[PDB]
Amino acid sequence: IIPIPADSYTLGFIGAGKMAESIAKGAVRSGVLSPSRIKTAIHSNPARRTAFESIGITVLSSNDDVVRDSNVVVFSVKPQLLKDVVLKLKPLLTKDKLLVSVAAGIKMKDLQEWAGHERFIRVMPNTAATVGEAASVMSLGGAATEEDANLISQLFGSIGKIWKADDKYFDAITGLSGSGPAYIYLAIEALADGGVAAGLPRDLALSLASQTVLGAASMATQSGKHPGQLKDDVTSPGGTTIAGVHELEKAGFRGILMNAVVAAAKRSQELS
Amino acid sequence: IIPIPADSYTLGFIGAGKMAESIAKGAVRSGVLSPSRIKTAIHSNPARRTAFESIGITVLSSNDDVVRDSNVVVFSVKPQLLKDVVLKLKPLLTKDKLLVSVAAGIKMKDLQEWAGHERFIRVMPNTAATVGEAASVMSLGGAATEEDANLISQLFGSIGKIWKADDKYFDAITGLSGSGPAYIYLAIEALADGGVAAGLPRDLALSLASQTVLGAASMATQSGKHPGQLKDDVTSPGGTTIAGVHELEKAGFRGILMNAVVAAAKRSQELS
Amino acid sequence: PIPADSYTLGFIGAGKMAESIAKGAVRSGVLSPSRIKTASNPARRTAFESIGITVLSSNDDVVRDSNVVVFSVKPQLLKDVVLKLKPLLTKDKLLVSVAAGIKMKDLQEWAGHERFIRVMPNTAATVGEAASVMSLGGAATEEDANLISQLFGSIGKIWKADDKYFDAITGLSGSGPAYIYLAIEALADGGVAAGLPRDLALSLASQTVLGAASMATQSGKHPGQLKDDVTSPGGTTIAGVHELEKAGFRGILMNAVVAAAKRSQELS
Amino acid sequence: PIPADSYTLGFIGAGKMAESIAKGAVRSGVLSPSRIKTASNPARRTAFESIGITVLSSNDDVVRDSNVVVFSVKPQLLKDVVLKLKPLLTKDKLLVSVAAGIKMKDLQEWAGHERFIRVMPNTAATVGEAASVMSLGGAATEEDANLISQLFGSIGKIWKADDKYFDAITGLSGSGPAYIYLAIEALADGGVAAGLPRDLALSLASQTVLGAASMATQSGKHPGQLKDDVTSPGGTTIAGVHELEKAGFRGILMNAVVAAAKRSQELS
Ligand code: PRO
Ligand code: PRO
Ligand code: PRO
Ligand code: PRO
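Method-wise, the PDB entry is recorded as coming from X-ray crystallography, at a reported resolution of 2.10 Å.

Per the PDB entry, chain C is named Pyrroline-5-carboxylate reductase, and its organism is Medicago truncatula. What the UniProt record of chain C gives under Pathway (unreviewed entry) is the line "Amino-acid biosynthesis; L-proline biosynthesis; L-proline from L-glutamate 5-semialdehyde: step 1/1." Heading Sequence similarities (unreviewed entry) of the UniProt record for chain C holds this comment: "Belongs to the pyrroline-5-carboxylate reductase family."

Named according to the PDB entry, chain A is Pyrroline-5-carboxylate reductase originating from Medicago truncatula. What the UniProt record of chain A gives under Pathway (unreviewed entry) is the line "Amino-acid biosynthesis; L-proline biosynthesis; L-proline from L-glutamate 5-semialdehyde: step 1/1."

Here is the structure:
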């Protein structure tokens, strides 16, 4: 358990999907890494190979060599495949390498057993990694150090925001930050549909819906205010806003979003 | 109707509230122009005076003089006060001066009648101007030129996004981009409450809710995809996301947000 | 490997579905009636003979003379029919089941080999607009799959899917037509409620549904984008869409598919 | 009589609908491009020229050279366009409006005669599956009606109805497609909710809806009878139907048609 060189470490991606690509592009764009310090492996796909080569990253032909040449290894293969991929690589997963999983649903306990050591970090990002606005959370294996954690905070700080949480919260986090985008995509469509129902042109309605939601969320993220206080700031007496809010409350809007989160968290638990 | 000098115009703020401050700071930050080209008038308030002076803007003691010395005049007084303010200034509101109103609910027809001419532009921003992510729309008076329009698009561009729309759409716009932030503030709180209901710590739940909403909206604003396609991208077969979406649909979630927009638009129309 | 242009096809079970597949294959020229065989009912006999197909008197002989065998007997009877024919079901013969609810695992065990394809069509086979899905046994080849794609392309559209999805498919493409029959009737009733004559209302409802689905199948657009294209500002379409959304219309159709899939699973 | 086999057709308004009609009429051989003429975008010129149709530079000349004239300009513009052309709108020329919301009474007053037919198509014209209805001006002949049935039979189906029904028709065939687009999406979402892949779920949802509607349009059966045909005892289909009925599904689609019809009436 030698510390990972903060400025000079090499990063290996096992699994070359969208999420790996988003992390690699983000890390390069923000200067956390240069492409020469990143490796990935691809077998079947010439298209995925292009995506990585086109940003200056060397694509090797085996997972084995990616691991050998990497200080930090990020596993992003489909969850059902991960176990076998880890077991295959096990002899090369020496304790001087920091391992990271972004696989949905795979608990720390299992990651550590498969790898045979506890220098492992688990990250659950979400779909907004693509535009650098992910909501990510990380949990630490029993041998992951504070310096390991900071290294991974910096890496994933390049695709959005990142927080720390106990592994036991990850089902619930899945129902909120993992699944929540889709609740907001519905909301944006419905707002647009509402604008059209009130007489707006479709393109304007949709533009305004998206940006209105973006704006409100930015107010929430930056203002340091409770959401109740933000709602109080825009609800003028007997005005348009409070009329709309009242309809939401009549229908139990808040409860409906609570139910979604809860059901999704419950499904996450059931999928084990 | 001489064109406004694009590089050398002077700007006057009648009404020195948060919205005027935001536009002024933004314009200066982004280099659209220097504080020396900007004037505002304040009577009662030494605190509002500080806010403007502290960014290098000269505060005069009368509205009359602000207008005299300005090519472009932005009215941001409370809507109920606007009519009387305009009527008082009317002799000074000559056709060579481009007028702009950010007042909620005041129609172009009325602006033009009060001012006695048609070189008037109406801008309806929303509350996210504070963090530079406003959803704004502009309508043009009968004598406002394309160049006038561009001058305003550029002036305002510091506070968010701006779209052009007929004045007749503005009641409805109020129900969507004006009032919509409060719908999202409810949504953020409800998502947080949902996370806590599923076992998450409050601070994490709130941080995730806000950033999950921000991320989704960013995906919608940048991706070029229909919201339905974005939802389809994140709904894995039999997964957590679709379970949550299903609860939203069972409850008529989209129809509720439509009802809010429509009721708010209806209230806007009733408030005249 | 089955001869692509000269194979013979045998139908075990001579019901509506087998008739539809036979007629479709002939109409479209995939097959000539002389290349088709099938095996109490004089009326069913007529249906096959009337399109030029030879009706034999035993299942055994249909199998002997066929490269490809399609089983369309009632599901509860299939096991015994297959076990009876087993000695004749040699590996050079591609077997196909259209039986509702019978898993690939079971088909393969009954036959004693894995050169088996499962197809689940739906009721619209009758008018050549079936929504069908196929799963492949462990020894079914790509060429076997293409042969069956071509055969069932003659009665509608066909897609590939893992056998494990077949319960859920049943709740969507199997059961979905009924959801649409209710919708057509309710649309007609709606037209009448708004003052239209009944015959017109019904004609419009059916052809409106047909037209919309054709737009969906051919446009390459997401349904949401299609809905956006027709929803004029403050117009008639959006007013109607708003009533749907107030009532949770989407959710109700999701519930139907989910409950039907759950029932399919329970029926094993 | 308009010459049934040799008439020339003129499009005043060169939007999507006019393009769909022109392409349909050509594809099906009702017309050759040389027998069609049209007269706001240099891009729209390409769309018509690219299928062999001559674009003229004035509405006046389109009319002069046409036996049959189809008005597809935006409804608010139609009155002024007709009034401008009035001296050229002689009684030997059959006039047609596809403009939403414009009553026969008004069309006839603007044109100064009653040899006018009104057609309300819907969005599925683009794929040749429109649901259209026509009403006849006081001087439109049976032969005029047949000519227009044939023309619009090239973009889907067409029925006759009194002008007074056109608000309600709008709520049903005009607005209905969107109801179906929501249905298709919801059925796909339902499939995914039951475990299906998205692409398969969507493909199946669209084709299932297309198939069902084809059964309705071709079978000659009442929708209730078609629902009875697919609802097996205690099976998957009836479990899904039951969920629909628990929620009042039929009523919701009735509400949509009614509210849309009401809005059409309000938009005058
Ligand atoms: O609550 C209201 O009426 C004002 C107007 C839109 C934004 N807030
Ligand atoms: O739907 C699912 O299961 C995955 C996990 C969260 C986002 N998509
Ligand atoms: O939404 C509307 O008003 C138009 C007319 C029917 C189809 N779309
Ligand atoms: O209702 C049932 O169970 C069968 C299966 C789908 C079509 N009808």
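1. Side note on the overall build of chain C
Tallying secondary structure elements over chain C gives 12 helices and eight strands in all. Reported as C-alpha extents along the three principal axes, the dimensions of chain C are approximately 70 × 35 × 35 Å. Taking all 268 residues of chain C together, 57% fall into the buried category. Roughly 10100 Å² of accessible area belongs to chain C as shown, and the carbon and sulfur atoms make up 50% of that amount.

2. A word on the overall build of chain A
Of the regular secondary structure elements, chain A holds 12 helices and eight strands. Taking the principal axes of its C-alpha atoms as reference, chain A extends roughly 70 × 35 × 30 Å. Counting only residues that meet the buried cut, chain A has 55% of its 272 residues in that class. Across chain A, every contact between residues at least 6 apart in sequence was considered, and the portion connecting residues at least 24 apart equals 62%. Carbon and sulfur atoms provide 52% of the accessible area of chain A, an area that totals close to 10500 Å².

3. Description of the packing of helix 7 (residues 170–178) of chain A against helix 12 (residues 253–270) of chain A
All names here are of chain A. One way to put it is that helix 7 packs onto helix 12 with a least axis distance of 7 Å and a crossing angle of 135 degrees. Taken together, the axes of helix 7 and helix 12 are oblique relative to one another. Seen along the crossing, helix 7 lies across helix 12 with a hand that is right-handed. Residue-level contacts link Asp171, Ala172, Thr174, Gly175 and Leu176 of helix 7 to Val261, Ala264, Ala265, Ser268 and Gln269 of helix 12.

4. What to know about the domain arrangement of chain A
Residues and elements named next belong to chain A. Entries for chain A in the domain assignment read domain 1 (1–173) and domain 2 (174–272). A straight line from the C-alpha centre of domain 1 to that of domain 2 covers 32 Å. Taken together, the contact pairs 10 residues of domain 1 with 11 residues of domain 2. Between domain 1 and domain 2 we count zero salt bridges in total. Between the two partners, domain 1 and domain 2, sit 12 residue pairs in polar contact. Broken down by element, the side of domain 1 that touches domain 2 gets its largest block of residues, four residues, from helix 7.

5. Structural notes on helix 1 (residues 18–29) of chain A
All names here are of chain A. When the terminal C-alpha atoms of helix 1 are compared, their 16 Å separation across 12 residues agrees well with the 16 Å that a helix rising 1.5 Å per residue should span. All buried positions along helix 1 are accounted for by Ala20, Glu21, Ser22, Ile23, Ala24, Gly26 and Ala27. Residues of helix 1 that are buried sit in contact with strand 1 (11–14), strand 2 (38–41), helix 2 (46–53) and helix 6 (146–156). Once helix 1 ends, the next one or two residues include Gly31, with phi positive near 80 degrees.

6. Comments concerning the site of ligand 2
The environment of ligand 2 is made up of A:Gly178, A:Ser179, B:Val234, B:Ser236, B:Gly239, B:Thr240 and B:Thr241. Positioned at a junction of chains, ligand 2 has nearby residues supplied by chains A and B. Note that an oxygen atom of ligand 2 is positioned 3.3 Å from one of the side-chain N or O atoms of B:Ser236. Within the side chain of B:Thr241, a nitrogen or oxygen atom sits 2.9 Å from an oxygen atom of ligand 2. Out of a free accessible area of 250 Å², ligand 2 has 79% covered by protein chains.

7. With respect to the side chain of A:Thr40
Residue and element names in this part refer to chain A. Within the secondary structure, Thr40 is located in strand 2. With relative accessibility at 0%, the residue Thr40 sits in the buried group. Of the polar contacts made by the side chain of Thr40, one reaches the backbone oxygen of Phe13; its length is 2.9 Å. Not counting residues up to four positions away in its chain, the partners in contact with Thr40 are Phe13, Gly15, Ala16, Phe52, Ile57, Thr58, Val59, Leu60 and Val66.

8. Quick look at the sheet that holds strand 3 (residues 54–55) of chain D
All names here are of chain D. Strands sit in the order 3-2-1-4-5-6-7-8 across an open sheet of eight strands; the sheet is mixed. Looking along the sheet, the strands with just one partner apiece sit at the ends: strand 3 and strand 8 (156–160). Inspection of the sheet shows strand 1 (residues 9–12) paired to strand 4 (residues 68–71) by four bridges, in the parallel sense. Residue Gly10 lies in a different strand from strand 4, and its bridge partner there is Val69.

9. With respect to the site of ligand 3
By nearness alone, every residue bordering ligand 3 is listed as C:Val230, C:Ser232, C:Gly235, C:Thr236, C:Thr237 and D:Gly174. Site remark: ligand 3 is flanked by residues from chains C and D. Contact between ligand 3 and C:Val230: a nitrogen atom at 3.2 Å from a main-chain N or O atom of the residue. Between C:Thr237 and ligand 3, the recorded distance is 2.9 Å, taken from a side-chain N or O atom to an oxygen atom. Computed on the free molecule, ligand 3 has an accessible area of 250 Å², of which 79% lies beneath the protein chains in the complex.

10. Let's talk about the packing of helix 1 (residues 16–27) of chain C against helix 2 (residues 42–49) of chain C
Residue and element names in this part refer to chain C. Between helix 1 and helix 2, the least distance of the axes is 10 Å, while the angle of their chain directions is 10 degrees. With respect to helix 2, the axis of helix 1 lies roughly parallel. Taking contact as the criterion, the partners of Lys16, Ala18, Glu19 and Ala22 in helix 1 are, on helix 2, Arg44, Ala47 and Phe48.

11. Looking at the sheet that holds strand 7 (residues 130–136) of chain C
All names here are of chain C. Judged by pairing direction, the sheet is mixed, and its eight strands sit side by side in the order 3-2-1-4-5-6-7-8 without closing on themselves. The open sheet terminates on both sides in strands that have one partner only, identified here as strand 3 (54–55) and strand 8 (156–160). Pairing analysis gives three bridges linking strand 5 (residues 94–97) to strand 6 (residues 116–120), with the strands arranged parallel. Counterpart to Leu95 in the pairing with strand 6 is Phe116. Its contacts with the sheet put helix 4 (residues 75–85) on strand 1 (9–12), strand 4 (68–71) and strand 5, and the angle it makes with strand 4 is roughly 150 degrees. Sitting on the sheet, helix 6 (residues 142–153) touches strand 1, strand 4, strand 5, strand 6, strand 7 and strand 8, and the angle it makes with strand 8 is about 155 degrees.

12. Brief notes about the interface of chain D and chain C
How large an interface is tends to be reported as the accessible area lost when its parts come together. Facing 91 residues of chain D, the contacting portion of chain C comprises 91 residues. Summing both partners gives a buried area of about 8100 Å² for chain D against chain C, and 80% of it is carried by carbon and sulfur. Where chain D packs against chain C, one counts two salt bridges. Across the pair D:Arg250 and C:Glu185 runs a salt bridge whose closest N-O atoms are separated by 2.9 Å.

The rules behind these values
- Residues numbered from 1 in each chain as written, not as in the entry; some residues may be left out.
- Chains lettered and ligands numbered in written order.
- Part of a larger assembly, values for the part shown.
- Heavy atoms only, no water.
- UniProt positions renumbered as here; feature names shortened; annotations may be inferred.
- Helix = DSSP H or I, 4+ residues; strand = E, 2+ residues; numbered from the N terminus.
- Buried < 20%, exposed > 50% of the residue type's maximum accessible area, 1.4 Å probe, protein only.
- Areas by Shrake-Rupley, 256 points an atom, 1.4 Å probe, with all protein chains shown as cover.
- Contact = heavy atoms within 4.5 Å.
- Axes fitted to C-alpha atoms, helices over the stretch in contact; angles between N-to-C directions.
- Parallel < 35°, antiparallel > 145°, perpendicular 65-115°, else oblique.
- Left-handed = near helix turned anticlockwise from the far one by under 90°.
- Domains from an automatic or database assignment.
- Salt bridge = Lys/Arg side-chain N within 4 Å of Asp/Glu carboxyl O.
- Polar contact = N/O pair within 3.5 Å; in protein donor to acceptor, adjacent residues only side chain to side chain.
- Expected span 1.5 Å × (residues − 1).
- Near = heavy atom within 4 Å.
- Pairing = 2+ DSSP bridges.
- Buried area = accessible area lost by both parts, 1.4 Å probe.

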